[PDB]
Amino acid sequence: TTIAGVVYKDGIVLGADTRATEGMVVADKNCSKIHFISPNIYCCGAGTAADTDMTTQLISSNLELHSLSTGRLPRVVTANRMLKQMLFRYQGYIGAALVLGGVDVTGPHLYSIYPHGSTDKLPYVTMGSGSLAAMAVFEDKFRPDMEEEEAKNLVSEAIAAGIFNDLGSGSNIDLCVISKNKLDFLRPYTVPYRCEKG
Amino acid sequence: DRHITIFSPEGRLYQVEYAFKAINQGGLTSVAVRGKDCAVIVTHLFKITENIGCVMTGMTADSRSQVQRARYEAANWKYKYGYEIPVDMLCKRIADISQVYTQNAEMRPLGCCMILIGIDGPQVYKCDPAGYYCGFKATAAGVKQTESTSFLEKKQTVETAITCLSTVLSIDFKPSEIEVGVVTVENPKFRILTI
Amino acid sequence: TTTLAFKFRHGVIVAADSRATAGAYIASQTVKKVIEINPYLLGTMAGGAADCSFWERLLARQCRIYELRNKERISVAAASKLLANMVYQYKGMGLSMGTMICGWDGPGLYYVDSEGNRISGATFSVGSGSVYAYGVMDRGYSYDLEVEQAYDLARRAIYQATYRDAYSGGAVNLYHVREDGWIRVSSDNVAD
Amino acid sequence: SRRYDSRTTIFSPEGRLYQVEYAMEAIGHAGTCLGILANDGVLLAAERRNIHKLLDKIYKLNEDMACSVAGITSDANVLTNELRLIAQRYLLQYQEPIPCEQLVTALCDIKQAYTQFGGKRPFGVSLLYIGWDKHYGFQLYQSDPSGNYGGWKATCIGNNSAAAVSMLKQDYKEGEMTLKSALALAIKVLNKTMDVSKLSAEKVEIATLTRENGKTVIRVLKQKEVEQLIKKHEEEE
Amino acid sequence: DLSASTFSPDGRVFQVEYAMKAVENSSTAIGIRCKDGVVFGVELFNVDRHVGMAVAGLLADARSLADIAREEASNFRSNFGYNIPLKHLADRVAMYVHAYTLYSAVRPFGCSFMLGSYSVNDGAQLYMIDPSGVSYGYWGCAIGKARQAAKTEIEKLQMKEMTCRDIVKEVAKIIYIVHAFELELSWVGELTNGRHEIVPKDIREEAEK
Amino acid sequence: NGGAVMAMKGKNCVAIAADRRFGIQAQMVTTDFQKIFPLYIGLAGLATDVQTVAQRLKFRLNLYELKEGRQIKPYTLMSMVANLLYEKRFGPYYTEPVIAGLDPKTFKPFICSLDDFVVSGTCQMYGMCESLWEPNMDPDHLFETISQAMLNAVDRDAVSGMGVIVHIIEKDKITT
Amino acid sequence: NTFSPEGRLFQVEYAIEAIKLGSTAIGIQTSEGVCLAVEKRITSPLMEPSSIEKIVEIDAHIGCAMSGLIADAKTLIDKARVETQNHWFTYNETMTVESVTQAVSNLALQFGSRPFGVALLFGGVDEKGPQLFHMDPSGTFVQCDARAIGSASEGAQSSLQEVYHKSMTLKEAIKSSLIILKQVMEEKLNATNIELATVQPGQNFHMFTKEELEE
Amino acid sequence: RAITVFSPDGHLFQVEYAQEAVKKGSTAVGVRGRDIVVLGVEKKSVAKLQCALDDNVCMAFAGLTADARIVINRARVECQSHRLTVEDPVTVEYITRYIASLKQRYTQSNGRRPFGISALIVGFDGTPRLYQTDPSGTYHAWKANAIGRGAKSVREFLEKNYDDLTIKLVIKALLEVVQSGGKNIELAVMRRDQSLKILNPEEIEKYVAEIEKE
Amino acid sequence: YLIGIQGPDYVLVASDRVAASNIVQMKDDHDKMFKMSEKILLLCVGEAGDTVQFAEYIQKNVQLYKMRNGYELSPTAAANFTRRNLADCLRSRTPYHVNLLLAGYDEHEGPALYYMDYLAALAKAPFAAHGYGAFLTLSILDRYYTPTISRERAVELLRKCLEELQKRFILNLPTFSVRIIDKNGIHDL
Amino acid sequence: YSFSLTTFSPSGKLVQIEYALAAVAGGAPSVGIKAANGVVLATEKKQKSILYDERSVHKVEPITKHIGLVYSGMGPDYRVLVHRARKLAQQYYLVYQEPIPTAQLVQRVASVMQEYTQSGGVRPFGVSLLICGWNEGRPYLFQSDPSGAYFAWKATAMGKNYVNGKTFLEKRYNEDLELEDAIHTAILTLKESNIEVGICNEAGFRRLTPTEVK
């Protein structure tokens, strides 16, 4: 359950793994987690997948209503502020946490957002079950001044660190670039007897 | 008939136009000019947000209710989103609640034209008790509003506004009579010019 | 807190011991359990003391509002039923009692527990001592019973209950609801 | 304030509510419609409001029941919505499809409440109910625009309801109709009610309610069939 | 025209004006902003310890606005701590005064009242609130029956450097000229330390003298 | 309680299957208890929730199906129950719905579950079917794999079994 | 709601006019006992002669005759019974007639939707002995000695004015109502043309049987 | 807004208008037959293209039927609610009291108008009881009563004339005074413990033909 | 304890006549019969008022329907109705603890009895039982019962089940209120 | 208030709604055509004072991924109506997860406009608006009006001189026409009676790009 993000020079490479487990059994070996809040902004989720999916749908309808109304593509901080509030109000009944990344003319922002409602932008963030293992690799390896393509070589290995070392997290890496230059979804991205009839 | 907001046989709300006539009988004559770099307003100056101001024009009492509503919404914006409400969004929302007066027959249109100024470049929105809002380029609202609009159409920004009020109300002012508010590119802080 | 009741061809007799207690201290031995609602039908009190008074005050009130409005008597079936409904609402609130509706209608005896157990039998004893009171009760009880023999039966069965139940002491308090209605048939002592 | 209120729940000195009388007259402005019961099925002809070229009323209350809406369109939609809700709530807890007579009583309770209290305008729209409730077989009901309902063997509603229904008084013989006779009489009366001698395919549309092989099915007629009935009409003339 | 929500065609609601007439009847109150303090006089309410009020227009309604102003001062002291500024108090009470004008059901106020307050930062402040909910600061105010008639003598005064000490007599003097007159006077200036308080009885007796 | 919910998608035919039993505790009540309610759905978990969600869903679905004679898309149905159950996230009903059936007129299968094949229920199944699944089966085959997975997972399982129902949805035929 | 320019309310004075189309009712107070009396108010012959009723019990000690709008009366009557039993439940004493009447007066003009048209005559023998409180629909109760309420009642008022007696005997006071009801009525009074109810100092309130009425 | 504000007459507007509204209803005859109750209604207006609240209580409303069912539904909820609270079923009198209280309520209310019906509530206790209830909320016991259009003339027809014979009364009032209708008339005798029971038109011919002989 | 059998042209249901709080039974006449229509018959084991506070609450609706619609509900229809109520009460403040058998006989759908869990788990039952004596009895009835039977034979099949509740079970439930439902409608036995 | 300002005329006409149709008669002309590549909607707007803005308040406001509106009537009323239309669309997306069918959004919004013809203290919406949409294989062109009656169209017109605009639309155009070719009839029917325009196709809803409007 290793989700991650990094703020590279032109934006944010979000990264995710395709697994969701109901405890000790994998129920979904191709789980979509880098949910599209908006074409500009995307949000990975971790913790309970139900809370994360549904809360992301709520903020999606919300953000897409505000941008639909102004006709101006929404800011990242806006997304974060309503997320801060949304995850605060329940006071831990929404126990699923979110890594929002987006770009607005104001440029890149990537806030890890803990399920009690702390929003903290930082150059690297990780979350999920795999986060400890992932963040040590993001700490050791992340450098400011990193380029655009090397982030692909920085989140695929970091998420891979959570794929092997952890047992909640596994399966194909998803990697979703955020830049005003281009958006990229790479849905399945990185791969690291017959019961005879009649 | 002409008392409860309902449509006339001409498809025309009587109480709404009565509110426009009430704005004209408020006796004030506001003008604003959108320069490239500055957004003069002149007349009742208000500071709806530290980055946004507006001048109400009409019934004096009526102005304050919508001023407070504008501050309520402007503050609530930042509370849910976290950036200055655009001038367009603020004018849109206040217009949307002024329509409530019109949709409901219980309560009555507040007669105050609302000339917002502020930089989202510079903006000069109008709002009517109708619930209609639009960005002008050089608005005026008030008594001699039509006589000013010609002079605006014919058309340094501060000069445009001040000579417009001078020529159009046909009176040479004292500085206390003309309250003036500027919002320069470098000064998004709403500020009374202070000629 | 024993309150036997049984019906037979010449009446319904309702006897009750007069002891009331808090802890192993006995606050009084004076209470008459058979709280009145109606000249010709009557209550009981088992379980907590305050509950029965209060509920049967509400019962007496509602029976009175009914008798005025409907302009007829409230029946033992109806009386117990309104009672049973009213005590149900406070089920899980610990308002525990073992009130009984008795009265000539033929005779009607309906035991009415606090959890809403409005059951119609003919022969009851309610309370702590009931298990004692029951065993004596069945042994003399017949529907073929004289008003006097029944008086003795109610008194023996209460007397044998109070003899063993630590929390039941005090004098036997018969009420006899015959055809006409109730009378304070005996209030006589146990310490005889 | 309340000085404006015209009441619209008032009771009049002639002894007949104002809005109820006005609701009856709103329907006369409404276009012709008619439903015709038979011993095997229940027809519902209706006339598409105008023939207008560049435009590209019966609804599915259930699959075993359906309504025709006559008096107005904007209100009708809300009526149909409430009908679908009542029917599907009844299907929710009782787990059997609503019997049609009941569904009519429910909507007529909702209608009656608007006259009785609240100072709100009543729905002015007379309805028909074609249906096949389990307990009675095929049935047709008409809802006056105040609460009423009348199980009818054939009825018309809309413009010239009076001439049309009176025409069916003697022209609908009792308890003899195979569905074939229902189509014949339908096409007759809808033909006679309009000033157009025969009617075009952009005029009639007929939802026949037919017990389709042990699963009752409502079907709007397919226009090619609508035109065989009309083409038969041209020779019925 | 007779109902408040309706506008008369010309541009006003006549109900509000009929409610305005009520204070045009009642006798003159006269407060005077001064080099320190506002001497209210009315030929008084402790809105707060800080703030004084001098009502005019029918008294019945005036007390309710007094009580609302006391409530407003208290909510401000609790939520914010610090004693309410008059420039905000006027605007709040005036807002509440304004709400009536806007809806048919409640009637506009009859009153108009000059609340005033001496405070350290602001200095003296003398705001009068109309039943429309139009509040302005003043240098002098006088409302009532002798409305411009008092205004000519407060115009004759030039407080800007008159002390509060002359004014405690002068309010009563203006009252006597426009005016038998029961006299009331108030002092709110820094000698009174912003404690809204009636004039000391000897000076008040002298003032009538 | 519970019950098992087999579901499997091989070729346009959409398999789904279920045990027909439920237990009051560890005692079987009925050897016939419907779990697959007709684009089909098979709920398992509590019986109270099985019945509650089946009722509530058919209601919400019929309001739509009358409002448009347009048949429901499988994805929208998935959203329908997804939203319907997430409304109780404070009091969540315990039942696991696994829809299976065609996307209208394109004859395209859509199976899914909600908190290849999707198994859910009290079960035994996820490890059993996974390497047996063939990505192409005629219904004749599809019945065979799902019947094996069903019978083998469930005969072992204590609280499921004692009757099997198998719908292999196809436009051409729906075998049981 | 509108106080007329002449002071007093409109709907109330119209409700007072509604009493004039209400049954005549004498409200005798003997100092022995209470004797509420009312014309049957029957006009129709196949309308029952023993199921029509005018005077209702409230407590065992308070009777309650009614006049004006007969349907409206029963709401205030039922609420009066609820009040009295509530008094019994809280204080175990029975509610005296002064407060039984007062509680009903409190509800009388609570229209913020329309006033009741009823005149009421509570009669209850309470520890003071006989008491007879008339209740106007203006929300005004008043202690009485003899007040007759209703339509030909003004003539019954003035008739009472000569015959009212210091003290009074129970049976003699009853005979007064039996004679005056013949005058106020258009027809010759018959025991099926009156419904009398009496409360002797010691008894609980009794609807009077007809045979006794002929005498 | 208060709707039924008193007139300067002392009358109530909506109420008297409602009294004239039941007069437009059809002639709901009833009589409390000594044996059993019998009641009936008339003027169905047959185009040929065309209550019981308990097993004791039954109803024969006149007025506008649109309102009448709406009254009876609430009355039926009241019957069943009473059977659960008192053990025994509701008596006819208690029904009459509630319906009368219910009708009264809407006059003293905001925005409501009196129910325009005047119900002939009827029912066994096993003694017949034949109440009238009118919009005002007045309810009176009767032994004969008939409310409807021309029903007043029928009550007078009864007054001068007051199983087969009670049915003869119910028919006779209508087949002499009101228009002769072998289908318009729908009398229903209620037997003592058999639920109110209509007859087939041919069974009504016991007197519908015998009156032709009389 | 409650027992139910589905037969060719009947539904057979029977009930122990008992209740006990404490060590003693306080009645042996207690009717776990809750007859509600001519051919719709609840039988409710369960503790306290909830069994009858529910039973009657259903009854008055089931009856209210019959007056208001002029016809009687199906055994299935009544079953799904009570099922709905129990599901609502499970999530409620008051979850009733009533285990009931809704016997009934539709004419054109035929005889049907339904087991209903307290939680609310309706299921059609070929034969069923409730209570705690259900653990004992259901095996006898499951072994013995066939598709055919007769009402004459139903009596023997039921009499054999009575033996289990005395002979092997701890509690004494001594009289059984046997009753049938047949096209004719309900009869006591 | 609580009392509706909509009440029938003596023959059953909703006077206030008819007056709302008069308000539709005002407002600048609108036009909309279903062509076969995609619908186009367009409207007159004017400089008026020459100090205005043209991108401030388009009458052409997107509602959902491929729906849009164009209004005729009062402009103030449109601003809020659009808001509720967007509410219904986004609410539908979170429940159903597909952008709502054109026909359904028109229906739901029609119900909103119907509520005020029955709801207390409110007048009916003056605005009438084309609601043009394209789902699946079909371009949808709808007309909602003040009473909440709505119709799908193949070509339609609104505002001033719709009366002639519709006439041109049935003779100058029929069947199908490639999208700019069916814009030919827009620009030339609108001519009968500054301008904003917006088109649908299958390219995400779209405002006809300003350089190419020219």
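Here Swiss-Prot sets the residue numbers for chain B, with the shown residues being 10-52, 68-144, 148-182, 193-231, 235 in order.
Backbone N, Cα and C atoms are what each Cβ position is placed from, and that goes for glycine too.
Per Swiss-Prot, phosphoserine is recorded for B:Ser17, and the stated evidence type is a large-scale study or a structure entry. The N6-acetyllysine annotation in Swiss-Prot covers B:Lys102, B:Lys104. What Swiss-Prot records for B:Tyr159 is phosphotyrosine, and it gives similarity to another entry as the kind of evidence.
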Rounded Cα separation (Å) that holds between B:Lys102 (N6-acetyllysine) and B:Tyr159 (phosphotyrosine): 24
Cβ packing number for B:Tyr159 (phosphotyrosine), 10 Å threshold: 19
Cross-chain proximity of modified residues to E (CB under 8 Å), evaluated over B:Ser17, B:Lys102, B:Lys104, B:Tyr159: none
Modified residues (B:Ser17, B:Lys104, B:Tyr159) in Cβ proximity to chain A, threshold under 8 Å: B:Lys104
Which same-chain residues, if any, lie at least 6 apart from the residue listed as 'phosphoserine' yet have Cβ under 8 Å of it: B:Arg11, B:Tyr23
B:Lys102 (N6-acetyllysine), number of other Cβ atoms within 10 Å: 13
Count of other CB atoms lying within 10 Å of the CB belonging to B:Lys104 (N6-acetyllysine): 12
For the residue listed as 'phosphotyrosine': DSSP state (helix, strand, coil): coil
Cα-to-Cα gap, B:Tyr159 (phosphotyrosine) vs B:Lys104 (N6-acetyllysine), nearest whole Å: 25
B:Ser17 (phosphoserine): secondary structure state under DSSP, collapsed to three categories: coil
Near-J candidates in B:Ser17, B:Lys102, B:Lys104, B:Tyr159, the modified residues, by Cβ under 8 Å: B:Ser17, B:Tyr159
Members of the modified residues set B:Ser17, B:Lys102, B:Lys104, B:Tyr159 whose C-beta sits under 8 angstroms from chain F: none
